[PDB]
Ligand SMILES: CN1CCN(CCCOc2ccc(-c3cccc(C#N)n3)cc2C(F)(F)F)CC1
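The chain below stands alone and is given in C-alpha cells; this is the form solved without the ligand.
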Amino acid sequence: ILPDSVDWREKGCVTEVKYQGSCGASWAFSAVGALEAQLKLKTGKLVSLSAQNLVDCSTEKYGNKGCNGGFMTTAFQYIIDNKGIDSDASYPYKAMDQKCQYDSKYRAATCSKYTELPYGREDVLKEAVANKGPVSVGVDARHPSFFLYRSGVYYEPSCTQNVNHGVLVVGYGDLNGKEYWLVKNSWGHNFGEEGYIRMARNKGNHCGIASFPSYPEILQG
C-alpha cells in the first residue's frame, strides 16, 4: 500500500521553478529536476543543476537538438558519459543554443544510471514517485487550455497520449474528489499554481503523462 499523497517539495528535494522562455528546452529542465532530487537525497544539498549544460553539450550524439527539443533519457546518458554536470549557478540558463562550455571544476552532480518505466502504467509511475523520487515525464501540452491553466486539476478532453513537452512529476494526491499528478513545469512562477500544474491521474494516461517516464540515480561510490 502506497501513500495517499506525496510531495517531494516537502522533503526539500525540488529547486525553484525555472523559466524556459522561447527555447524549447523543457526536456533539459525535466532531466535536471529529476537529478536535483537524487542529489539532495544523497548529499543533503539542494542545488539547481545546469539545464544550459544539457542544451549546449547533450546534442547530436544523444539525438538532441538543444532549443529545438530533446529526450530526458539521453540527457541522463550524456551526464553518465560526461562524468558530471555543472551547477546551474556556474553555467546559468540563457534560453538559446550555445557552444558547449562544460567545466569539470564546477561539477555539481554525477549520474550512475537511469530507468525507463512502461508505457501508460500509472500504477508503476505512482510507485516510482513514492519509492524513488520525482520522475521525468513528457505530456501533451499542445492545447490552449494548458497555456491558460491557472489552478485546480487539469483535464483536457482532447488530450492525446503523444507527448511533446518535458515536465517533472514531483508528487501526486487526491483533492476535492479529483486524483492528480503534481507536476513541476518550466514556464516560470506565473504559470498555474506558482509554476506547478496538477494533472488528472488514473484517467487513462491523460495527456500521455505516463507514456515515457524515466528517472536517474546517483549510487554510493
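Don't overthink the numbering: it's just position in the shown sequence, from 1.
The protein also exists as the form deposited with the ligand bound; that form is not presented, and the subsequent description refers to it.
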If you check in the deposited bound form, is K99 within 4.5 Å of the ligand, heavy atoms only? no
Please determine whether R150 contacts the ligand in the deposited bound form, using a 4.5 Å cut-off between heavy atoms. yes
Non-hydrogen atom contact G12 with the ligand in the deposited bound form at 4.5 angstroms: no
Could you tell me if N190 has a non-hydrogen atom within 4.5 Å of the ligand in the deposited bound form? yes
In the deposited bound form, segment of 141 to 149, 82 to 90, 126 to 134, 100 to 108 with a heavy atom within 4.5 Å of the ligand: 141 to 149
